[PDB]
Every structure is written in C-alpha cells, then in structure tokens.
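In structure tokens, the next block holds one chain alone, the form deposited in one PDB entry.
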C-alpha cells in the first residue's frame, strides 16, 4: 500500500450515508422530512453493522487464518473513526432539529419535563392503552433471555430496590403494537404541540407497572438493545485450498454469528453483568455502553403535528396516456404498436398490473411466464396467475427462495399455486434473480405473439413508490425471444445458452461490458467521438473500474452518477483525468441503473438492474436491456440529461470523500427528481 489506486467500498459507503445525513441538515427540505431522514440515516448504519461490516470482518479474518494480506486493521480503525466522527455529527443535527421543531411549536419532551397535569394524564393514558402491552419479564436464575428475547427491540431493564435487595425485570418497548411518539395534552398555550417517547412513558410509570405485586424503596430503569450479525454462506466458493486447510478453530470462529449488546451508560455494573450472562455474551460477542435511546430508525415514522409545509407534498402517479388511446382496444394493442417505457414513481405501476389482469382471461392469451423475487406483501399478481391457471393459460412461475432480506417471504408463495395448475420453479440454493420479467404469449390470429416485460427493479408495488425504476413493455421479437431464452436459462441452466441483445448475469455481463468499453477505447485511440455514461448505485468491481481507468487514459470521456459506493477515484493525474462523477441523494431511491455508450455516433442505451459490483456481474441473475426503439432511447437520454444537470442535490465524488455540492455556475437551478416529473408530466399531455 502506497498511493490508493481505488477507495475502500466500506469507506465509500460511510460517505454515502453521510450524504444521507446532509438531507437531514439541508434546510431546503421540510422539517418533518428531515427528522425522518435521521431515521433513514440510522436504519442504514444499523444495516451497515449487521451486514457489510460483518462481511468485512470475515474477509479480514479469512485473510488471517493462514494468510491475511490487506491493511485490514488500518481500515477497521479508519472505519470506526469515520463512524465516531459521524455519531458526534448526528448528535449535533438532532439537537439543532429539536430546537427548530420547538420554533414550530412542537416539543419532544421527556418524563422529567412533564407538567403536574400531563403526569396525571399519562398515568391514565397508560392504564387505558399501554398497560396491556407492557408485562414485566422477571429475571430469575433460570430465566434464559437467550431465547424468547426479541432481536433488535428496545428493552427497559428495571431495577427493583428493597433495602440492600435488588430484583431485576425487563420491559419490552412495544414499538410494534403502539406508536413510539404520543401527543400530550397542551399545557397552557393551545399553540404548543408536546409529545413524549413511549420509552419515557414507561420510564415515568414504572411505579404503576410494579407496585401491584412488588415491595421496593425505589425503581430504576435503563434501556438496552441486542443485535445479531446477519447470516453468512457465500465465502467458501473460493476457499479452495483454504476452507480445506482451514482449521476447525477458525470455521467455528467464522461461522458462529456474534451478538452486540448495547446498554445505557449508567446501568449499574451488576445489572450489566447479569445480562452479560443471561445473554450468553461469549468471546466473539460484543458489549457496548451508550445512550438512553436506541432504534433511532423509528424516526422514519416521526409523525407530523404541524402544517403540511413540514412534510413533502406527494406527487400523483401519472397514467401513461398512450395506454388509453381510443384506437387501442386493449393493452396488447398499445404495446404491439410501440415499445412502451414507464418510469416509476412518476407513472403508476397500475399499468403492468392491468396488463397482467388482462392476460389472465384474454382468450387469445396462451401462456404466461414470470418471476417472484422481492415483490410487495401478498401479491395481486399471484392472484392473477391463479386466474390464468383457472382459465387455461400455461402458467409458469419462477420463485427464488432467498433474497437479501425478503427471503422467507417467498417460501410460502408457492404451495398455493401448484394446487391450481401453475408450474412453479424454484431457484438454486441461494441464488438471486434481481431482474423482474414476464413473458406473455398470445395467439393473434394464427401466429403466436410474445409480449415481454423487463423491469429494472422488482414487482414490489411498495418498491415502485420510494424507488425510481424502469419498465419496458414490448412485442419486438428481437427482445421477446431473448426474454424467452432467459426463462429457459432459469429452468434449465445446465444447457448452454447465448444472448444477442440482453446482458445477462452471470452469463455474459463481464464479456459484454468489457467489450463495449474496449470499443469506445478503440474509437478514442482513433480520435473518434467516444463516451461512457453510467448511472449506478455502486461502482465497485475491480475489473470494471480498471476497465474505466483505461477508457479515461485512452481519451474516452466518462460520466458517472453513483448514489452509493464508488471505489473509483475520479481525477487521478494520468489515471482518471477524463472521469467526472457525482452522486444525487434525494427523496426517491435510484433502483434503475443505466449504461450509455457513444458507440461511434449511434449511441447504445441500456436499462439495467445490476450495479458494477462483482456480485452483480458474476453471481446473481441480472438483466440489462438495450433500447432498440430510438424514441425510447431518446427519452432515457433526456432524463439522464436532467439528472447530470442537477444543481441542488448533486454532490461531487472525490478522493477526499468531501461530498461537496455541485455548484450552480451561471447554469440553471435544477432538481432532477422534480424536473424528471415535469418531463414525464409533459409527455402525458393530450396529443
């Protein structure tokens, strides 16, 4: 190690969540929206430790065992140094925001700050609404918190003192059943909006919770929280001579998933100890003191007790007028006529859902093939496939059984189908189909005509609204056959398969990408117009990054738009002098990755679902589509223009991880995510 050629993705990520914090600070966002961001920020860091950080640990360990060769503990340090520095910054904001909220007449107060009236109000409220959910868990020598104790929940450790006697009991903050923020009755000026945390209501009612059956001189409560690291598995597909030589002392010290125990700073050491034991806090397990509150994630639902101004105004999802043209009898005619490209959340997912409902009873529809990844809870699509089954249609449904977090939510999504006449097909052990396709075939007088759907993100009717994704609808055989192939590839991957238009992970990808970059590089070494323009969530894969460094050094211009991690360092004398990269963190979540290559003058524009990360190129099922229709190719190009024209949310990506905001020169003030809406909105104006 000498002069960083790339940026550690884990550090790049910290910087990414920091950009998220900038949203909490950014005064241009409504007050309540900023509060909620704090929740996003927290929930992210939460997943950071549960997954990505736990992953890094292992790698650094896997390194050790027999041959660790990366300045790992120097990175670990940098990591927690950025985190601590952040935590103190988080603390600043929360304070600032608390003040600001008060200015707007809202007051998040604690049990000690109650009025000699609200007190009597709470007690009543508690006995009439909360009590039933709050039942002491007694800590006895045989009680084994180990099991029944809820993972990631907040608990209140109660200290029951009677003389030199001390009994211990737990109180679960029921954040699931009851709202975590309760509005107290306005003391004097009816203007004020006072609220208290559910945690502090309990803290305030400890006596009413225990006096009925316990004798004590005093009661003390301290909060604590316990979290387990995520599940491992995909790291042995390299441990050739490693996992083989790897000693049992390391397999046990690598498989065993640790436990993090967090407790309020002033919890009497005796109680901490009591828990250290009851919670099997062994060697590899972590014990950390700190704070009265945990689960700041719960701020993602901070209610809004002010005027609408304090909250973002919801944009109505738009109908793509094309589907409505009276010259179209139905959805299949609209698509047969022209390739249709929808962009969520500006458009309603309601079209794809209408289409699928049609195919389920349209006499001409012969079959339907479609995959169920991480869709919305209890899909309305499932019901449709059932109808199609009941109406004939050869219905084929692929269900992957292990996503990133929405895994066990597709192990039930099956026994049902089969019974009605559906051919169900499960993905291998832990394989992820991050693409979301569906193929529909229908006898259109004599001939069979296939209509496919290629969706960059997933069928989640919840994902369309917080995420921005594409949805291509086509009858173009060039693309149609390719989707058909994809589904075949899934059912029988043992059989050789090739794709001429789609980029399919992990069949081509690497090859298909290297090859496109290598061509721009070629045209650049010939002085022709070249260009690489990517819009990804993460740019990390070693190979792909170097491939870009190469493009830059060969004169090829590269414009990146990565909202998350970016191990690529832009502006490196002789390495990446022609690579400009920014990040836009706004309301919505980018779920759509694009690829745009100059390819001489005839630009190739791909809509993908994969980030330039190793796991997305070589280990999961991903799909990227070229836009054969120049009309649609253009639309995507405009949108990408609005994006790179942002001067409100865009930030620079530098080898300094500064997250500075792109300055608006004499150029216009643009906020992509909003301009994008007006762009779409203008497309749906009566022809």
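Residue numbers count along the first chain shown, from 1. If you superpose the two forms and keep the largest set of C-alpha atoms that fall within 1.5 Å, you have the rigid core.
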Requested in this report: Would you determine, from the values in the PDB entry, which of 556-564 and 386-394 has the greater average C-alpha temperature factor?
Outcome: 386-394
Query raised in the report: Between 279-287 and 573-581, which has the larger average Cα B-factor in the PDB entry?
Result: 279-287
**Report entry** C-alpha B-factor winner, where the candidates are 587, 485, 336, 465
**Finding:** 465
Report summary line: Per the deposited entry, the peak Cα B-factor within the set 330, 255, 509, 481 goes to 255
Query raised in the report: Is the Cα B-factor recorded for residue 299 in the lowest, middle or highest third of its chain?
Result: middle
Query raised in the report: Which third, lowest, middle or highest, does the CA B-factor of residue 243 fall in along this chain?
Result: highest
Query raised in the report: C-alpha B factor of residue 461, ranked within the chain: lowest, middle or highest third?
Result: highest
Query raised in the report: How does residue 664 rank on Cα B-factor within its chain, lowest, middle or highest third?
Result: highest
Query raised in the report: residue 117: which third of its chain by C-alpha temperature factor?
Result: highest
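The protein also exists as the form deposited in another entry; that form is not presented, and the subsequent description refers to it.
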Query raised in the report: Looking at 516, 550, 246, 403, which has a Cα shift of 2 angstroms or more between this form and the one not shown when the rigid core is held fixed?
Result: 246
Query raised in the report: Does the C-alpha of residue 194 move 2 Å or more between this form and the one not shown once the rigid core is lined up?
Result: no
Query raised in the report: Does the distance between the two CA positions of residue 136 reach 2 Å or more between this form and the one not shown, the core being superposed?
Result: no
Requested in this report: For residue 531, state whether the C-alpha moves by 2 Å or more between this form and the one not shown after rigid core superposition.
Outcome: no
